[PDB]
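First listed ligand is number 1; within each ligand, the first listed atom is number 1. Per chain, numbering begins at 1; letters A, B, ... match sequence-line order.
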Number of protein chains: 2
Amino acid sequence: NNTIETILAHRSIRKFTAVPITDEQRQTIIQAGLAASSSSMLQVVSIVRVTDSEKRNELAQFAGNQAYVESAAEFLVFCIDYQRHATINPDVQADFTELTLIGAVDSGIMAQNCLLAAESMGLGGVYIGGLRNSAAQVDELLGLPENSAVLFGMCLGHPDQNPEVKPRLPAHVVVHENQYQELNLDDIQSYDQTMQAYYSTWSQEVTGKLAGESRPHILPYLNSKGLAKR
Amino acid sequence: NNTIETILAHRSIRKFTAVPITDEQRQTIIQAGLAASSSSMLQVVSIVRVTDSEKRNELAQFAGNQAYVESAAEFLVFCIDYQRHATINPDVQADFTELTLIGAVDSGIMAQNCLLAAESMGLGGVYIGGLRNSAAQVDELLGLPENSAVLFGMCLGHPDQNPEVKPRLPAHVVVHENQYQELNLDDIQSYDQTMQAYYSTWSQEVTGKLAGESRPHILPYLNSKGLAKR
Ligand SMILES: Cc1cc2nc3c(=O)[nH]c(=O)nc-3n(C[C@@H](O)[C@H](O)[C@H](O)COP(=O)(O)O)c2cc1C
Ligand SMILES: Cc1cc2nc3c(=O)[nH]c(=O)nc-3n(C[C@H](O)[C@H](O)[C@H](O)COP(=O)(O)O)c2cc1C
């Protein structure tokens, strides 16, 4: 069917033309996102649509000079939001890590619906997690209140590049039957050879990134917004 | 188009027939999940397929006595997995909170592709966050190693019910233009009235749950697995 063909044809697009996304298409992308499942129907996700060209230039820099944040037809920022709940009832305890986990999982579900809706219309896109490296600055720029935090952005627009589909680890590595199965390093070596053909190896690149520190300012940032304190 | 029609037609299915999901259908649902975007191509999601009927009964009780976990044709468990990376290179530091946020976001994105693929074939499903009620006991049952943690499960199967689509908060409440906008409590009242017509109000029910403690055992659980320590 068309749904599965769309899911399997995905590739991140990082070059866009200047053709805008119509109001009808944008309203449909947001509705597709809203139709996503929500943990306990809590509805903990907020989207900040950035149209101001000066804020977009600042966001591209805050993302690590990723130019497509400025050139994209639409830039959406996904945020955890327990301020809606806190405004309704001030007795809400939003600082439990469980709530940040729900915020992250639900944001991913919603965002994927938005991206899939866009891709089905012939649009292209890419998630922007780079915003987290300058989290406090992005948070202030968007005026996010207490009980709210930035997670990632999303570029949407008409493609001006056609990259090849990137291979993933095989299903027998990622999927386990009944109990977790120990890793066979021969599968990692085969995947590394598959990635070298597409393009330092994959395993050497990813484990080398994790051998150092991974954005150490993230927990103090979440805590400063009143999230994940216990 | 068909992808958008499938996305908007979603409703959680909690009643299934005894008809199984074929091998061709299951392999497609997994391949759809793998086609999802991955933060820094880290591929930190592991899926545990539970076919053992004795384990299913235990998971149903651990999930807060949710019978559909036992009667579903397929029950997939989504987990954060940095053990594959640690097996390749022991020097990997997997304890930074940033890495748990990547794990949670990436799992949500992957899981949604799996559900959408299933829903497009005429199947139904529901996410099961209830596994977190007894996270440490669910972890021991599935044999998850260090640097790995359970997030949620997913029931999949042929529907034996036809629920009406549940309305969400309007687009103007969830989407903010350029800067975060303050909440107009009239919109929450309008929404509560829309939810009363569908069926204490939505706003009072969700904020009442958040006024209590939300799974306080979660951070210690992640910490016990070597995750979210700093
Ligand atoms: C990660 C996550 C966890 C969920 N866990 C449960 C669960 O344990 N039990 C259940 O019956 N529903 C669960 N749901 C499903 C719903 O509560 C649901 O999405 C919702 O109330 C909105 O209804 P709909 O999906 O039918 O539109 C979960 C949803 C998400 C996104
Ligand atoms: C939450 C998340 C954040 C991401 N952040 C970035 C980013 O900041 N910039 C970028 O160029 N791509 C980013 N990506 C996209 C990928 O690097 C990408 O999904 C990947 O390498 C696999 O390639 P494909 O999506 O083309 O299949 C992100 C993906 C996810 C899931």
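The N/O atoms of B:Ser40, backbone and side chain alike, include none that comes under 3.5 Å of an N/O atom in ligand 2. Checked by distance only, ligand 2 and B:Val105 stay at 3.5 Å or farther apart across all their nitrogen or oxygen atoms. Close N/O approach between A:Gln66 and ligand 2 is found [any backbone or side-chain N/O within under 3.5 Å]. Close N/O approach between A:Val105 and ligand 1 is not found [any backbone or side-chain N/O within under 3.5 Å]. Considering backbone and side-chain N/O of B:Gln66, one or more are found under 3.5 Å from N/O of ligand 1. At under 3.5 Å, not a single nitrogen or oxygen of A:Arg11, backbone or side chain, sits near a nitrogen or oxygen of ligand 2. When only interatomic distances are considered, the shortest N/O to N/O separation between B:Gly129 and ligand 1 falls below 3.5 Å.
Near A:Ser39, meaning under 4.0 Å from any of its heavy atoms, are these atoms of ligand 1: 1 (C), 2 (C), 3 (C), 29 (C), 30 (C), 31 (C). Here is the list of ligand 2 atoms found below 4.0 Å of a heavy atom in B:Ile109: 31 (C). Those atoms of ligand 1 with a heavy atom of B:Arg14 less than 4.0 angstrom away are 10 (C), 11 (O), 12 (N), 15 (C), 16 (C), 17 (O). Using a 4.0 Å cut-off to heavy atoms of B:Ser39, the atoms of ligand 2 that qualify are 1 (C), 2 (C), 3 (C), 29 (C), 30 (C), 31 (C). Heavy-atom contacts of A:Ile109 reach the following atoms of ligand 1: 31 (C) (cutoff under 4.0 Å). Every atom of ligand 1 is numbered from 1 in the order shown, and the set under 4.0 Å from a heavy atom of A:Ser37 is 19 (O), 25 (O), 31 (C). Residue-ligand proximity, A:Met41 to ligand 1, at heavy-atom distances under 4.0 Å covers atoms 21 (O), 22 (C). Distances below 4.0 Å separate heavy atoms of B:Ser12 from the following atoms of ligand 1: 15 (C), 18 (C), 19 (O), 24 (P), 25 (O), 26 (O). The distance from ligand 1 to the heavy atoms of B:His10 drops below 4.0 Å at these ligand atoms: 24 (P), 25 (O), 27 (O). Atoms of ligand 1 lying under 4.0 Å from at least one heavy atom of B:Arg11, given by number and element, are 26 (O).
Nearest to atom 19 (O) of ligand 1 by heavy atom, out of A:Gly108, A:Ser38, B:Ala111, is A:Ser38. Looking at B:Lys166, B:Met154, B:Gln112, A:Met110 and measuring to atom 21 (O) of ligand 1, the nearest heavy atom belongs to B:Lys166.
Using modelled atom types and a 3.5 Å distance limit, the side chains of A:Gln112 and A:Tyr127 yield a donor-acceptor pair. In this structure, a donor-acceptor pair under 3.5 Å is present between the side chains of B:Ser39 and B:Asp106.
Residue A:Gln112 does not touch ligand 2, judged by heavy-atom distances below 4.0 Å.
Residues forming a side chain to side chain donor-acceptor pair (under 3.5 Å) with B:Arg14 (at least two apart in sequence, or on another chain): none.
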